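Everything below concerns the one structure shown next.
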Amino acid sequence: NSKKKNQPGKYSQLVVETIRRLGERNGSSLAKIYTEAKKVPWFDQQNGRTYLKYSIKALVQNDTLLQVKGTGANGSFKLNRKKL
DNA sequence: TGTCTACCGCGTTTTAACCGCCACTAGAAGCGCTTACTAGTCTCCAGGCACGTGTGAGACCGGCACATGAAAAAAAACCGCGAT
Ligand SMILES: [Ca+2]
Ligand SMILES: [Ca+2]
Ligand SMILES: [Ca+2]
Ligand SMILES: [Ca+2]
Ligand SMILES: [Ca+2]
Ligand SMILES: [Ca+2]
Ligand SMILES: [K+]
């Protein structure tokens, strides 16, 4: 209601598309998504880890994605919503 | 066997090692003189040794308490096997 949806960025979409792709039973990690997200040809190496860090911070706040536990450094996130 | 990236090789730009020199002087090192300190010698005697003896520390053993590994079995969870 009164909302006009965003269009999440090219890195913010990778978080969703990699977390759905190799969807762990519990908590897909920033380091794992980083490990294989960087095989993508358009990914820029020096900074892209920072962009997946920016993405998940917002993506968790959006009720788009949800994180289960801490582990190493609050680094385990599952895609919250599958619609009813 | 498979995946990821830390290492290697290389060309380019930067840095400071190197060399040869000169100027300055701290301090290494030699030398003569003097005495404090050590070796050496003698005499003496007590510290530390070989020897002997006892008794309590420790080794040994049996009985028990207790820690913990491994099995069997009960409870979670997870890893697929193939469906609209
Ligand atoms: Ca001197
Ligand atoms: Ca004595
Ligand atoms: Ca003795
Ligand atoms: Ca006695
Ligand atoms: Ca005694
Ligand atoms: Ca006694
Ligand atoms: K002297």
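Chain letters run A, B, ... following the sequence lines, proteins first and then strands; every chain starts at 1. For the numbers below, each heavy atom of this structure counts, side chains included, while hydrogens, waters and symmetry mates do not.
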State the CG-CD distance between A:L14 and A:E17, to the nearest 0.5 angstrom. 8.0 Å
Please tabulate, one pair per line, each protein N/O and nucleotide N/O from nucleotides 82-84 of chain B that are separated by under 3.5 Å, including the distance.
none

Heavy atoms, side chains only, cut-off 4.5 Å: are A:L66 and A:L79 in contact? no
Could you check how far CG of A:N26 sits from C1' of B:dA77, rounded to whole Å? 11 Å
Is the shortest heavy-atom distance from the side chain of A:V60 to the side chain of A:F77 under 4.5 Å? yes
Distance-only check: which donor-acceptor pairs under 3.5 Å involve side-chain atoms of residues 26-38 of chain A, not counting sequence neighbours?
from	atom 1	to	atom 2	distance (Å)
A:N26	OD1	A:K69	NZ	2.5
A:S28	OG	A:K32	NZ	3.2
A:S28	OG	A:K78	NZ	2.8
A:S29	OG	A:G75	O	3.0
A:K32	NZ	A:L22	O	3.2
A:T35	OG1	A:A31	O	2.8
A:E36	OE1	A:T18	OG1	3.2
A:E36	OE2	A:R21	NH2	3.4

Show the distances under 3.5 angstrom between N or O atoms of the protein and N or O atoms of nucleotides 1-4 of chain B.
from	atom 1	to	atom 2	distance (Å)
B:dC4	OP1	A:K39	NZ	3.3

The reported gap from CZ in A:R20 to CG in A:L65 (rounded to nearest 0.5 angstrom) is 13.5 Å
Going hydrophobic residue to hydrophobic residue with side-chain gaps under 4.5 angstrom, can you get from A:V68 over to A:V15? no
Can you give the dot-bracket line for DNA chain B, using ( ) for pairs inside the strand, [ ] for pairs that cross earlier ones, | for pairs with another strand and . for unpaired bases, where Watson-Crick and G-U count if both distances are under 3.5 Å? ....................................................................................
Heavy-atom neighbours of A:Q61 CD exceed 12 at 6.0 Å: no
Partners passing ring-ring contact (aromatic ring centres under 6.0 Å, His included) against A:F43 (at least two apart in sequence or in another chain): A:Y11
Interface residues of residues 65-84 of chain A with DNA chain B (non-hydrogen, below 4.0 angstrom): none
Result of checking A:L52, A:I56, A:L59 against A:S12 for side chain to side chain contact (heavy atoms under 4.5 Å, CB included): A:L59
